[PDB]
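In the form deposited in one PDB entry, a lone chain appears below as structure tokens.
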């Protein structure tokens, strides 16, 4: 069954493969017909010499053209396969990337596909060429003697019987080989991505030992691979030898019986010696086909998997209010589906108003922020944006209308300009980028760099301090002019001077009338001017109201504030 899945990828190029097959057949026939046109070479002078000269040149040119076409098509096939595998990977739900680590996914996408494509490219061409040669020899053999051709063709399935038995074992070995390679790659990636910490704790030897363990497992599998190779070679050669010997012996009985002359037998044997080599090559190809089937299991599982997240909608309204309503929302992470992180949240975000969400560590604030960004779906209740459920909006439009500053934000390895303008389809002008950088306070140090906004940044943002990374993330969120703005500890690493910028943005900027703001922080003095304060503990809202009301109640909020 999986062989048809493998061969299905060639359905987009059938015309070019048909042309290649035609060229191969034509070259084989052009090379095959020479003896009939030039004799024994003992009958020889100029004409017979020039004839084979011309035929050899024509065959060489035809082979060149065929190889060019085939090698041109296979590169397109390989690139298309890799691109579609990556595209299918990126469509999966969020927890799929918690279950599968980065190194495993990278190894599956970049390494398995290359091996599959290379094996296909070599094996298909080899199979076609030797099949054509085998048929061209079979025709002459059938012309020589029908009876011996029949008694040869009758015994062919018995040779293929044995490889069909042990085919599954090659797949079951290759699966483990690829899995071990991916496991080693994950360790390598994780070790290299955090070198300062490993150096700080002097743990190079531990990482080396972790790598060595996976290498040992791979070493364990390779011995079985080699032994299987040797045994298969023995069996194939034995089958070929016996196939020659049986028919050769039968020919002796025929000639001794006086039924068939030796003249026919000599030619039939001389062509059997080559037909057997052809079928032996075709026998040798099959285990590599099973190996390739084994190598492609995980990428095809990626391709055929159905995402568990809902698909994107169609709504793209021109004007959006930004009103957000939570209605009895409950949530539990998929890997622990029996622990309710959130229980019955009910509140509303309204344009022009700032809502502060406070609570102890591990109470579920960032879970609410992730739910608001449609990264996860609630397991109970409803979450409505301007009266519509989140999935009904288009994927690109929704995340343009909702922007968030994540906790400990990430910065990609591009220029600062492209980092600020990340994710936008209509590329903004330099004036918009400069204004956005000025609002977040990043302009004061970006302009001091030797190349300004063209400065390159490493893949982890290592060339920036924590406050600078936070300012860049804030500008990246501000550039889109969102309707709902989410701040998740956006002031943890910002000094006292930069927090003034956030305060002006929240409570004094003239653009605040067009946004709904959800402020999550442990810096309690920042939320004193919030229109609503929600205290979240244990996944449930204990109390709410303005700062004065919560101070008067002398509840959890008052106890938290008064402690120092």
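Numbering follows the first chain given and starts at 1. Rigid core: the largest C-alpha set superposing within 1.5 Å between the two forms.
Although it is not shown, the form deposited in another entry is what the next lines describe.
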| query | finding |
| --- | --- |
| Candidates 375, 339, 90, 156 - which moves between the shown form and the other one, C-alpha at least 2 Å, core fixed | 156 |
| Core-superposed C-alpha of residue 529 shifting 2 Å or more between the shown form and the other one | no |
| Rigid core superposed: residue 432 CA moves 2 Å or more between the shown form and the other one | no |
| Core fit, then residue 516 C-alpha moves 2 Å or more between the shown form and the other one | no |
| Residue 201 and residue 362, C-alpha gap in the other form relative to this structure (3 Å or more) | farther |
| Closer or farther in the other form, the Cα atoms of residue 103 and residue 376, when the shift from this form is 3 Å or more | closer |
